[PDB]
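Only one chain is included here, represented as structure tokens and corresponding to the form deposited in one PDB entry.
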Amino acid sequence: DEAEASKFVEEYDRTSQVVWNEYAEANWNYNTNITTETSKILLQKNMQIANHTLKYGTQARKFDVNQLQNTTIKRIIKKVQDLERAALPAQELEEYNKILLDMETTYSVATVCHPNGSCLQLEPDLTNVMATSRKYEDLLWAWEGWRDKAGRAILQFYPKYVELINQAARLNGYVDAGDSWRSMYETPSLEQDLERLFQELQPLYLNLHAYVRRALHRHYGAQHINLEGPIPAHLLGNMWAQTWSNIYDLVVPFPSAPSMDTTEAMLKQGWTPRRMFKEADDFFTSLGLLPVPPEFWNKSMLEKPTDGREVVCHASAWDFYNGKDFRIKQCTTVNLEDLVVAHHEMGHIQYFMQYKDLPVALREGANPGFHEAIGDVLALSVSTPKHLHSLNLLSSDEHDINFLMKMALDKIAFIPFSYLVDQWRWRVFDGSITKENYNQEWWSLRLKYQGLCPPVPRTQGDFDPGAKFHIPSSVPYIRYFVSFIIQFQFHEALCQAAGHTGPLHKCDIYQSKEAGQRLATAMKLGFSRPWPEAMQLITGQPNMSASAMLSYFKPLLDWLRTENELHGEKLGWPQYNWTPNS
């Protein structure tokens, strides 16, 4: 009956709270200090948490979820029926846990070295090279080097990882791991929805792509850029060419409308990692939202350690399942990019604090895309020239188009990349792409979606997906695609909630209590209701929609079409088989 159901849920929540808190401590200890000792402890704590998952998960499966009255209790028990990795037999589980840790450690300690010289780490060294160098061969060195050292080293683990994660998925009632991952959205038409959203943003991407390709042609020379072909993947200012904002100087629509160098400003004016997170905190509280607790500042790792110890540098936010302990771990560099990243991570923390009073089983975003979007929404307002000037980091129509271009280089360029990652992965999980086709199929999608080509031919042993954090880390990626669509939807709604009129891209929601209240009511729901409810509460409607993003960039689309047509650009890459002759 209903009495036995709510009793079970209560017991589950009490015990999960304690054991997940213990696991988090062990996880944090490894992530902020990679050693044999901390690795061993984490693997042991994995086994502990799995015994808890198996125990309650087995009990959960005795309940007929669809015979239960209460929909909150229904959602919890259904979720507990999914054991995840704990469904695996003991020895397979320990193998799986070891594989995950080996992949993570391998990625986190990988270096690219000059012969008899310095060894560069991904953050900050190779990131800086990719962002600042305008020398074809130096960029190639970093790009190829990272894939030679990180990508190739991951390959030996990946097939077995795939086999084990699929096995876990099947034992939990899914057909493969991709099926399992997509189900987090509880949206049967997810694939169709995502495809249509991608389609709607093609005109804008193809126009941005063609404009950038022309600018690259001017800088790197006619012998190295085919104006009707894909762009070499090492030229976009980012290791994965996932965001292109670092090549702004090469593409600026109006050089006669120059903007302040934001990095120098931050460095000259004495910005620090701590002050960067404080400014994000200040934006959140200005909306009437919650401040981070005192403990956050005591326990967080907001910069790379100097005692030579190995860490997982990739920015992350941590819920210790206590309602009190929340942390950010980020190897922060003093620049505008990482200020944006800081807001993103603080969005996660805000979400943690908003739903901390829910049962632990419901302490998640409405869907994974929602969790990613929160910080980005506020960052959109932070990014406005108006607001950046108020922070003394920047000093009309030309500047407007300049700004839109700058925003498109991050936001628009990321749409096809964030779509591609899990398109590749779902097909690996479903067996459509085998281990013999891993890399070739990755570059087929890189071409199809992004219009990029590798600068150098790929060889046997290459596993370029391995060189992207989320692949060895086993973190789903489609959430970021969803995030980039919906954050503009959130922006549009919060802007009219704040009374702002005029072009969407000029909106700054700073200090708006009405905008804060709308985000708050949705965030408080956690995972307790289907996501269209949270979507409805923020936006006044229940769908994912590209309309807001299109509206934001409307003036840029018009300007790009004009510019591309007058320069005679072919939109797309008709000569799709072109690769560098170099």
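The first residue of the shown sequence is 1; numbering continues from there. Only the largest set of C-alpha atoms that superpose within 1.5 Å between the two forms is called the rigid core.
Missing here is the form deposited in another entry; even so, the following discussion is about that form.
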Core-superposed between this form and the one not shown, the one of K304, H470, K74, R274 with a C-alpha shift of 2 Å or more is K304
Residue shift check between this form and the one not shown, rigid core fit, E37 Cα at least 2 Å:
yes
Aligned on the rigid core, do the two forms place the Cα of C313 2 Å or more apart, comparing between this form and the one not shown?
yes
